[PDB]
Structure formats: structure tokens, C-alpha cells
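Q: This one is target-v6.cif, mmCIF, C-alpha atoms; chains and numbers go by the auth columns.
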```
data_my_file
loop_
_atom_site.group_PDB
_atom_site.id
_atom_site.type_symbol
_atom_site.label_atom_id
_atom_site.label_comp_id
_atom_site.label_asym_id
_atom_site.label_seq_id
_atom_site.Cartn_x
_atom_site.Cartn_y
_atom_site.Cartn_z
_atom_site.B_iso_or_equiv
_atom_site.auth_seq_id
_atom_site.auth_asym_id
ATOM 1 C CA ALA A 1 17.502 -14.778 -8.517 0.00 1 A
ATOM 2 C CA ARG A 2 15.073 -15.096 -11.528 0.00 2 A
ATOM 3 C CA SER A 3 11.300 -15.990 -11.503 0.00 3 A
ATOM 4 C CA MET A 4 11.126 -19.463 -9.834 0.00 4 A
ATOM 5 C CA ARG A 5 8.419 -22.125 -10.410 0.00 5 A
ATOM 6 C CA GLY A 6 5.679 -22.341 -7.745 0.00 6 A
ATOM 7 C CA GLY A 7 5.939 -18.566 -7.043 0.00 7 A
ATOM 8 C CA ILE A 8 8.616 -16.845 -4.934 0.00 8 A
ATOM 9 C CA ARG A 9 10.204 -18.423 -1.894 0.00 9 A
ATOM 10 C CA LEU A 10 13.731 -17.289 -1.082 0.00 10 A
ATOM 11 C CA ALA B 1 1.745 23.534 -6.353 0.00 1 B
ATOM 12 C CA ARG B 2 3.900 23.726 -3.130 0.00 2 B
ATOM 13 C CA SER B 3 3.018 22.503 0.441 0.00 3 B
ATOM 14 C CA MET B 4 -0.183 24.441 1.379 0.00 4 B
ATOM 15 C CA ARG B 5 -1.326 25.352 4.931 0.00 5 B
ATOM 16 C CA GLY B 6 -4.017 23.097 6.460 0.00 6 B
ATOM 17 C CA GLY B 7 -2.685 20.046 4.529 0.00 7 B
ATOM 18 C CA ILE B 8 -3.333 19.248 0.852 0.00 8 B
ATOM 19 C CA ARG B 9 -6.560 20.081 -0.921 0.00 9 B
ATOM 20 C CA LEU B 10 -6.300 20.669 -4.659 0.00 10 B
ATOM 21 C CA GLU C 1 -11.669 20.936 51.117 0.00 1 C
ATOM 22 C CA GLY C 2 -11.957 20.050 47.366 0.00 2 C
ATOM 23 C CA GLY C 3 -9.055 22.046 45.788 0.00 3 C
ATOM 24 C CA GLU C 4 -6.601 20.944 43.030 0.00 4 C
ATOM 25 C CA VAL C 5 -2.908 20.413 43.996 0.00 5 C
ATOM 26 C CA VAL C 6 -0.173 20.981 41.381 0.00 6 C
ATOM 27 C CA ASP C 7 3.587 20.545 41.958 0.00 7 C
ATOM 28 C CA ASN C 8 6.359 23.138 41.347 0.00 8 C
ATOM 29 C CA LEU C 9 7.250 23.644 37.655 0.00 9 C
ATOM 30 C CA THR C 10 10.613 22.194 36.612 0.00 10 C
ATOM 31 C CA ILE C 11 12.326 23.917 33.654 0.00 11 C
ATOM 32 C CA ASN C 12 12.300 20.449 31.989 0.00 12 C
ATOM 33 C CA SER C 13 8.468 20.343 32.259 0.00 13 C
ATOM 34 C CA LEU C 14 8.257 23.902 30.901 0.00 14 C
ATOM 35 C CA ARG C 15 10.480 23.293 27.811 0.00 15 C
ATOM 36 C CA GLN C 16 8.579 20.041 27.139 0.00 16 C
ATOM 37 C CA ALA C 17 5.316 22.065 27.134 0.00 17 C
ATOM 38 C CA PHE C 18 6.849 24.518 24.592 0.00 18 C
ATOM 39 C CA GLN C 19 8.110 21.749 22.258 0.00 19 C
ATOM 40 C CA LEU C 20 4.750 19.912 22.496 0.00 20 C
ATOM 41 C CA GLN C 21 2.993 23.155 21.459 0.00 21 C
ATOM 42 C CA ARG C 22 5.451 23.500 18.487 0.00 22 C
ATOM 43 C CA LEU C 23 4.560 19.921 17.451 0.00 23 C
ATOM 44 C CA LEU C 24 0.772 20.599 17.559 0.00 24 C
ATOM 45 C CA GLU C 25 1.235 23.886 15.649 0.00 25 C
ATOM 46 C CA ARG C 26 3.290 22.037 12.959 0.00 26 C
ATOM 47 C CA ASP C 27 0.387 19.515 12.740 0.00 27 C
ATOM 48 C CA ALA C 28 -2.208 22.293 12.294 0.00 28 C
ATOM 49 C CA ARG C 29 -0.156 24.268 9.753 0.00 29 C
ATOM 50 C CA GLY C 30 1.268 21.252 7.855 0.00 30 C
ATOM 51 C CA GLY C 31 -1.690 18.806 7.859 0.00 31 C
ATOM 52 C CA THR C 32 -2.159 15.358 9.475 0.00 32 C
ATOM 53 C CA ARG C 33 -2.550 12.812 6.636 0.00 33 C
ATOM 54 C CA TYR C 34 0.455 10.465 7.008 0.00 34 C
ATOM 55 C CA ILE C 35 2.106 11.913 3.854 0.00 35 C
ATOM 56 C CA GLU C 36 1.582 15.502 5.191 0.00 36 C
ATOM 57 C CA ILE C 37 3.184 14.481 8.538 0.00 37 C
ATOM 58 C CA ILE C 38 6.215 13.047 6.732 0.00 38 C
ATOM 59 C CA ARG C 39 6.566 16.146 4.483 0.00 39 C
ATOM 60 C CA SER C 40 6.079 18.648 7.386 0.00 40 C
ATOM 61 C CA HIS C 41 8.028 16.979 10.235 0.00 41 C
ATOM 62 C CA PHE C 42 10.833 15.621 7.968 0.00 42 C
ATOM 63 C CA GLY C 43 12.413 16.729 4.651 0.00 43 C
ATOM 64 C CA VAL C 44 10.948 13.724 2.803 0.00 44 C
ATOM 65 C CA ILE C 45 8.760 13.657 -0.338 0.00 45 C
ATOM 66 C CA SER C 46 7.156 10.171 -0.181 0.00 46 C
ATOM 67 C CA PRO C 47 5.631 8.793 -3.416 0.00 47 C
ATOM 68 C CA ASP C 48 1.797 8.544 -3.144 0.00 48 C
ATOM 69 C CA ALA C 49 1.777 4.985 -4.507 0.00 49 C
ATOM 70 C CA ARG C 50 3.725 3.443 -1.553 0.00 50 C
ATOM 71 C CA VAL C 51 1.379 5.036 1.096 0.00 51 C
ATOM 72 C CA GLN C 52 -1.839 3.706 -0.527 0.00 52 C
ATOM 73 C CA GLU D 1 -34.497 -41.937 -15.450 0.00 1 D
ATOM 74 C CA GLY D 2 -31.762 -39.938 -13.589 0.00 2 D
ATOM 75 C CA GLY D 3 -29.088 -39.397 -16.319 0.00 3 D
ATOM 76 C CA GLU D 4 -27.015 -36.236 -17.059 0.00 4 D
ATOM 77 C CA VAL D 5 -27.708 -34.341 -20.342 0.00 5 D
ATOM 78 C CA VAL D 6 -24.884 -32.380 -22.022 0.00 6 D
ATOM 79 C CA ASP D 7 -25.189 -30.372 -25.268 0.00 7 D
ATOM 80 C CA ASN D 8 -23.056 -30.734 -28.446 0.00 8 D
ATOM 81 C CA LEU D 9 -19.542 -29.236 -28.158 0.00 9 D
ATOM 82 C CA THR D 10 -19.014 -26.016 -30.121 0.00 10 D
ATOM 83 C CA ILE D 11 -15.425 -25.327 -31.260 0.00 11 D
ATOM 84 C CA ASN D 12 -15.750 -22.019 -29.323 0.00 12 D
ATOM 85 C CA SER D 13 -16.452 -23.975 -26.090 0.00 13 D
ATOM 86 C CA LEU D 14 -13.517 -26.294 -26.837 0.00 14 D
ATOM 87 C CA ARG D 15 -10.935 -23.500 -27.459 0.00 15 D
ATOM 88 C CA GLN D 16 -12.206 -21.691 -24.336 0.00 16 D
ATOM 89 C CA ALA D 17 -11.537 -24.895 -22.328 0.00 17 D
ATOM 90 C CA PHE D 18 -7.955 -25.021 -23.737 0.00 18 D
ATOM 91 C CA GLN D 19 -7.215 -21.342 -22.950 0.00 19 D
ATOM 92 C CA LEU D 20 -8.711 -21.713 -19.435 0.00 20 D
ATOM 93 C CA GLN D 21 -6.378 -24.695 -18.844 0.00 21 D
ATOM 94 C CA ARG D 22 -3.391 -22.563 -20.079 0.00 22 D
ATOM 95 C CA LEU D 23 -4.405 -19.850 -17.570 0.00 23 D
ATOM 96 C CA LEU D 24 -4.568 -22.325 -14.626 0.00 24 D
ATOM 97 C CA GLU D 25 -1.223 -23.881 -15.658 0.00 25 D
ATOM 98 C CA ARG D 26 0.372 -20.371 -15.788 0.00 26 D
ATOM 99 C CA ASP D 27 -1.029 -19.807 -12.244 0.00 27 D
ATOM 100 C CA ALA D 28 0.473 -23.082 -10.953 0.00 28 D
ATOM 101 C CA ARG D 29 3.868 -22.579 -12.621 0.00 29 D
ATOM 102 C CA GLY D 30 4.128 -18.798 -12.024 0.00 30 D
ATOM 103 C CA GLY D 31 2.569 -18.406 -8.538 0.00 31 D
ATOM 104 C CA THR D 32 -0.605 -16.615 -7.340 0.00 32 D
ATOM 105 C CA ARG D 33 0.500 -13.745 -5.052 0.00 33 D
ATOM 106 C CA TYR D 34 -0.675 -10.566 -6.838 0.00 34 D
ATOM 107 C CA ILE D 35 2.936 -9.619 -7.750 0.00 35 D
ATOM 108 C CA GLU D 36 3.544 -13.170 -9.151 0.00 36 D
ATOM 109 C CA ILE D 37 0.336 -12.879 -11.258 0.00 37 D
ATOM 110 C CA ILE D 38 1.490 -9.542 -12.685 0.00 38 D
ATOM 111 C CA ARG D 39 5.018 -10.877 -13.433 0.00 39 D
ATOM 112 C CA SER D 40 3.740 -14.182 -14.972 0.00 40 D
ATOM 113 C CA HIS D 41 0.669 -13.023 -16.954 0.00 41 D
ATOM 114 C CA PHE D 42 2.231 -9.678 -18.062 0.00 42 D
ATOM 115 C CA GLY D 43 5.803 -8.442 -18.725 0.00 43 D
ATOM 116 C CA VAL D 44 5.711 -6.146 -15.674 0.00 44 D
ATOM 117 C CA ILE D 45 8.130 -5.974 -12.711 0.00 45 D
ATOM 118 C CA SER D 46 6.063 -4.157 -10.032 0.00 46 D
ATOM 119 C CA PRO D 47 7.974 -2.605 -7.095 0.00 47 D
ATOM 120 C CA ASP D 48 7.198 -4.452 -3.805 0.00 48 D
ATOM 121 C CA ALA D 49 6.568 -1.189 -1.941 0.00 49 D
ATOM 122 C CA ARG D 50 3.472 -0.169 -4.007 0.00 50 D
ATOM 123 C CA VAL D 51 1.751 -3.612 -3.514 0.00 51 D
ATOM 124 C CA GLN D 52 2.120 -3.578 0.309 0.00 52 D
#
```
Please re-express this file's structure in C-alpha cells.

A:
Amino acid sequence: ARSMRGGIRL
Amino acid sequence: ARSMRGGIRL
Amino acid sequence: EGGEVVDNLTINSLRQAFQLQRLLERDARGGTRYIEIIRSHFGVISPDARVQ
Amino acid sequence: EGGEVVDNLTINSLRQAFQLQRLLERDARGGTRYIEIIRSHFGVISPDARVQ
């Protein structure tokens, strides 16, 4: 639910 | 400052 | 020869003509930018930022 | 004949190369959609609606 590595993908 | 006739123009 | 034939008027056609005229009068009076349409045809105050 | 000539390295060139690499690493790690750039390079949580 936070800022993931590699940009957002759900 | 309300909804004018003829649409918005300032 | 060379006339124009039109059918009998239904009350449904006639009330549709009235409500179409009300729609075009609301567009003239209210404005036609997409934000003006929303504010005139519905109760809604859209933010400017989300409509570009 | 047919070599490649490069000038002496200034410390200003060298620190600019380091900070450029930090920027490209932040882009890889953080993402590169415009909302991901804003959230990774600045403290800012933009609404999705205003960025289309």
C-alpha cells in the first residue's frame, strides 16, 4: 500500500 | 461571483 | 407533385419537442464549456483542476 | 591518427556526474510516470484526478 520499487503496479 | 448568464467570463 | 409529407403529431413527440427546447435554452443561458454544463444541468461544483 | 581526445576532469564535472547518476537511480527505483516522479523526487502526494 506504500510507494513500491519500479513504480506503481497493483 | 455567482453563475453568470452566457457562461463564465470574468 | 413535389410537396413535403409530415405525419400526425403524437403528444409524446410534442412533449419531447418542449423538453428539447428547455435543454437548448439551459445551454444558452448557462454556458456550454463542460464545467458550465455540469454546473447548469446538475447541482455540481466541479474543481477546475480535474477538468483540465 | 583517429584517436579520441578528452579534456582534464574538473571536480565540478565529476560531482555533476555523481548527482546525475543519483537522479537516474531515483528514476529507476521510484518509477517514471509523472505522479511517480512527483512522489519520488518531491514530498508531494498528487491526487490522481488532477493528473488525468

Q: Apply the PyMOL selection byres ((chain B and resi 10) around 9) to the file shown and report the selected residues as a ChimeraX atom specification.

A: /B:1,8-9

Q: Could those residues be written to a file, using C-alpha atoms, as a PDB file, in the frame of the given file?

A:
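Result saved to part-v4.pdb:
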```
ATOM      1  CA  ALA B   1       1.745  23.534  -6.353  1.00  0.00           C
ATOM      2  CA  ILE B   8      -3.333  19.248   0.852  1.00  0.00           C
ATOM      3  CA  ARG B   9      -6.560  20.081  -0.921  1.00  0.00           C
TER       4      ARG B   9
END
```

Q: What is the CA of residue 35 (chain D)-CA of residue 15 (chain D) distance in Å, reported with one decimal?

A: 27.8 Å

Q: Could you pull the residues within 10 Å of residue 6 (chain A), counting only C-alpha atoms, minus those fewer than 2 positions along the same chain, as a PyMOL selection string?

A: (chain A and resi 3-4+8-9) or (chain D and resi 26-32+36)

Q: Mind giving me the axis-aligned box for chain B with 6 Å on every side, centre plus edges in Å to one decimal, as JSON?

A:
```
{"center_x": -1.3, "center_y": 22.3, "center_z": 0.1, "size_x": 22.5, "size_y": 18.1, "size_z": 24.8}
```

Q: Apply the PyMOL selection byres ((chain C) within 8 of (chain D)) to the displayed file and report the matching residues as a list in words.

A: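 Evaluating the PyMOL selection byres ((chain C) within 8 of (chain D)) on this file yields residues 49, 50, 51 and 52 of chain C.
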